[PDB]
Amino acid sequence: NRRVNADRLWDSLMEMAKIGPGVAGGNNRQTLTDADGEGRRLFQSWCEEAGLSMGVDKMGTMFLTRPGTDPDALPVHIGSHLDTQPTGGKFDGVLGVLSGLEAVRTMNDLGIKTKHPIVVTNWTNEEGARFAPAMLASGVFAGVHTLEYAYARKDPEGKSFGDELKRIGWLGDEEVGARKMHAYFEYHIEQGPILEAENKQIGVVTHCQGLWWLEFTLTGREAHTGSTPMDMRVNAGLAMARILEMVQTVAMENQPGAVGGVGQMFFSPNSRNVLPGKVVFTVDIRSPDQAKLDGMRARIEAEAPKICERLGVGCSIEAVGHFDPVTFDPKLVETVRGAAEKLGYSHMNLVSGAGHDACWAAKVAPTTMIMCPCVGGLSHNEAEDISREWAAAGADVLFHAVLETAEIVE
Amino acid sequence: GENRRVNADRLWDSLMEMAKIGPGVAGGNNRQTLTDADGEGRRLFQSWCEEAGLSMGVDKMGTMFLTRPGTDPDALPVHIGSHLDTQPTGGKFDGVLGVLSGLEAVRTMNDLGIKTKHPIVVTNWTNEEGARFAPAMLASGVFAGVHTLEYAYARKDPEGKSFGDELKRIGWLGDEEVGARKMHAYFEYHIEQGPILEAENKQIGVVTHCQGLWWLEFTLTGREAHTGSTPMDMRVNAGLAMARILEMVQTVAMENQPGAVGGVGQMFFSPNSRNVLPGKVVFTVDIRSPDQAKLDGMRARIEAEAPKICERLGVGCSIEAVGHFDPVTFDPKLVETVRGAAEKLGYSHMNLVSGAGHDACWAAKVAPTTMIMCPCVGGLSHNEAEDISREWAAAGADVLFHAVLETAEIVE
Ligand SMILES: NCCC[C@@H](N)C(=O)O
Ligand SMILES: NCCC[C@@H](N)C(=O)O
Ligand SMILES: [Zn+2]
Ligand SMILES: [Zn+2]
Ligand SMILES: [Zn+2]
Ligand SMILES: [Zn+2]
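Residues numbered from 1 in each chain as written, not as in the entry; some residues may be left out. Chains lettered and ligands numbered in written order. Heavy atoms only, no water.

Its PDB record attributes the structure to X-ray crystallography, giving the resolution as 1.7500 Å.

Here it is, written out as structure tokens:
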């Protein structure tokens, strides 16, 4: 029956958006920047004012706990991320974290007690923008990455994740992944166009498509772009161009349910009149179909070296991100659907297109996701947009799904 | 003639000493224009020149002019010029050989007690390379009236630092009006940066021409979007447009052989996140030909096809020329002088069309100009493994020396 405070939630989103603003009304609040520090501090202060106690793990993940009435009951987590892309929207990650805070504030308002404690979770470096892989803290949590692997990830300026975590003062004391969860929920914008296009308020997320991030390092020969005869050039840029085209072909020949593309690129030494000695870029390929994902990976890894060999270019590939398609916990999926039905919101099943911390939580606990629409499916763009009504409806569903799972006690 | 030759060892030592300033990671140099290492190199060069009796002037572009007087106080100077600034992956010999061969010619004239009618001016042009700040040949460009001082000063590097502020910072903002000097003649000695002299077993390149260039900077506008969740049919992929442009440039280059090059050395994605399609992709296409019609045909074709590639993908396309000169013909009288010097000295020689751009290309606009080349191993340049021998260096310096003496005129 009872709804969260839509205005309080919205105001919190607008306040958090002031921290680490981008250039176009979104956010550039990347993981382990001073702006990330400030956002974490603001979130902490709100949660502490709402009666939550804070724990922080050695990956900087923040766990804000509301007690249950059963002191041995495992917690129901509500998680997402406050770190953003360089061209981040105000809603990616933030909606889920702040909807957790609002769920708690509404429980406080209504004097609600639950059997299971509730833990609002802010995972470090979900985005994998500054340091790859994405979902890095939740990955250490679920036992997929070592702490030392995570700490040694570097940004483009050669700064290491571990040192930056230490720099901004968010190194916590808890062993990563020492917490066991009764259940994990994550509310997130769709980052796709389906809910909007289908006129559905709520995405009942059943699955998440898998990914490989394959980082290519191509070795060319630095040479003068003026005086070097064409047939003596070892052109790693041209090899990269052919690889990008080949990735487009691979993605298109695996439709529907496949994507492939490149967002990050570096030439060295990156002089206008020097052919690059090194060209580094990451191919992002995804599919909800396991066999398709692995076929795309195998094909790209077989074809790309041949492209390079034809040009005399060296080719090295490193996986800097990976998870197989995820199936969310079917019982919690039904809980989400039942919450939508109880509240009178339209819903449909979705397969998440993006990766989320929920994907790793799913390895160690019953996990599901809830989505609201976003305009044009636009995300990782500062123009990312949802309405107050969209935000609120999904937060209501989160609230009720959590209450059903954590169990209201009079 | 017979017997007046430069000191090969002194020249070589000077190259090896200068190579210690702003070393790269593989035995070459990363001594880019208007870095502190450039400052140190300039100061070392200055001190050597001053020890050889040369007097220094510096212009507002930081170009250094080191004068050996002549016997006629109204005679205009014969310049010997090149550049001490390097690429990030620079060789020890590109630019440096020409400047230090100037110093060596002067030291040899001093050793032999030679007097000339015309003064000799060893010239170190600022920012020939156009690595850090584009265009290349920036100071010689201002000198020859191609660029305004304010255009040059406003050039920015990838860190957003401006050329004018950096020039001032390292202390090389001089007082002379740029281009106030008139030259009787200009010579530039440079490594070939191509494989021909070595392959043809020739000691000296009698440079007759320099191939022309366009540097076309593309700015492609895509739409930032999530690389996971965005359907393929909704993507506005500026990276893919760039890939197709690079491929089209390769096709253009290959269909225009022989005597054409096209390629890309510089690229930027924004925001350059692994899971964000780029909102902006910026890169520079370098196309060259010795043939004017071919050069302009390649430019017109690239500028016509690239917007079509982009339009097919919904990508915006903007093109700016950030460097250009038409093929250069060097002064025939000075070419003959160079050839005659090689013949007098008994060096094997052949004619060359320079593949690279040089400060000489702008000097040619305002004075009788030519170039001399020596071989380099495998034609490799803009790579730290750039290599010449002591003997190659010295032979070309001898030719420079004799060409300069003929032009400046020995006075007993
Ligand atoms: N909001 C983030 C979406 C998940 C993402 N880091 C990814 O590349 O899948
Ligand atoms: N330094 C020798 C090469 C000249 C160069 N600025 C070019 O791109 O042509
Ligand atoms: Zn997210
Ligand atoms: Zn995101
Ligand atoms: Zn040069
Ligand atoms: Zn050069």
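Resuming the write-up.
**Description of helix α8 (residues 236–253) of chain A**
This is how it is decided: The secondary structure listing takes helices from DSSP runs of H or I that are at least 4 residues long and strands from runs of E that are at least 2 residues long, numbered from the N terminus. To estimate the expected span of a helix, count its residues, drop one, and scale the result by 1.5 Å. Type-normalised accessible area, obtained with a 1.4 Å probe on protein chains alone, sets the label of each residue: buried when under 20%, exposed when over 50%, and partly exposed for intermediate values.
Taking 1.5 Å as the rise per residue, α8 of chain A with 18 residues should run 26 Å; its terminal C-alpha atoms sit 25 Å apart, in good agreement. Of all 18 residues in α8 of chain A, 13 are buried; the element is thus mostly enclosed.

**Regarding the sheet that holds strand β9 (residues 261–270) of chain B**
Strand pairing in a sheet relies on backbone hydrogen bonds, with the paired strands running either antiparallel or parallel. Residues and elements named next belong to chain B. The line we're drawing: Paired strands, in this sense, are two strands between which DSSP finds at least two bridges. Throughout, an axis means a line fitted to C-alpha atoms (over the contacting stretch in the case of helices), and angles, computed between N-to-C directions, take values from 0 to 180 degrees. Contacts are residue-level and defined by heavy atoms, with any inter-residue pair within 4.5 Å sufficient.
If you walk across this open sheet you meet the four strands as β9-β10-β8-β11, and the pairing is antiparallel. Only two strands of the sheet have a single partner each, and these edge strands are β9 and β11 (316–325). Sheet twist, expressed as the average angle between the axes of neighbouring strands with direction ignored, equals 15 degrees. Seen against the sheet, helix α8 (residues 238–254) touches β8 (212–221), β9 and β10 (280–289) and runs at an angle of roughly 170 degrees to β9.

**What to know about the packing of aromatic side chains**
What counts is decided by this rule: Here the aromatic set is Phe, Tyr and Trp, taking the six-membered ring for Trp, and pairing holds for ring centres within 6.5 Å; pairs whose planes are under 30 degrees apart are stacked, those over 60 apart are edge-to-face, and all others are tilted. Charge-over-ring placement is defined geometrically: NZ (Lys) or CZ (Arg) within 6 Å of the ring centre, and within 35 degrees of the ring normal.
Here the structure, examined in full by the defined rule, presents 18 aromatic pairs over all chains. Measuring from ring centre to ring centre gives 5.4 Å for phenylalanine 133 of chain B and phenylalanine 163 of chain B, while their planes differ by 75 degrees; the resulting arrangement is edge-to-face. A residue pair is termed long-range when its members are at least 10 positions apart, and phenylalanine 133 of chain B in the loop between β5 (120–124) and α4 (138–143) and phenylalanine 163 of chain B in helix α6 (residues 163–170) qualify at 30 residues. Measuring from centroid to centroid gives 5.1 Å for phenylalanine 218 of chain B and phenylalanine 283 of chain B, while their planes differ by 5 degrees, and the two rings are stacked. Separated by 65 residues along the polypeptide, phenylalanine 218 of chain B in strand β8 and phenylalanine 283 of chain B in strand β10 bring together distant segments of the chain. Owing to a relative accessible area of 0%, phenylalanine 218 of chain B belongs among the buried residues under this scheme. Its end group placed over the ring of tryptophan 212 of chain A, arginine 297 of chain A keeps NZ or CZ at 4.0 Å from the ring centre. The ring of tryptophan 214 of chain B is capped by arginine 299 of chain B, whose NZ or CZ atom sits 4.0 Å from the centre of that ring.

**Digging into the site of ligand 1**
Heads up, the condition is: We call a residue near a molecule or strand when any one of its heavy atoms sits within 4 Å of it. Throughout this description, a polar contact denotes any pair of N or O atoms lying within 3.5 Å of each other; where both atoms belong to protein, one of them has to be capable of donating a hydrogen while the other can accept it, and for residues adjacent in sequence the pair is counted only when both atoms sit in side chains. For every accessible area listed, the method is Shrake-Rupley and the probe measures 1.4 Å; residues are considered covered only by the protein chains on display. For this scheme, ten residues count as nonpolar: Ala, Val, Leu, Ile, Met, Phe, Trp, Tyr, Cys and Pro. Four count as charged, namely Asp, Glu, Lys and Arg, and the remainder, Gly too, count as polar.
Taken together, 14 residues form the shell around ligand 1, and within it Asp92, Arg286 and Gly355 of chain A together with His226 and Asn275 of chain B come nearest. More than one chain approaches ligand 1, the contributing ones being chains A and B. Contact distances for ligand 1 include 3.1 Å between a nitrogen atom and a side-chain N or O atom of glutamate 126 of chain A. Contact distances for ligand 1 include 2.7 Å between an oxygen atom and a backbone N or O atom of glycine 355 of chain A. Alone, ligand 1 offers 280 Å² of accessible surface; in the complex the protein occludes 100% of this. Along the lines of polarity and charge, the residues of the shell around ligand 1 split into three nonpolar, seven polar and four charged.

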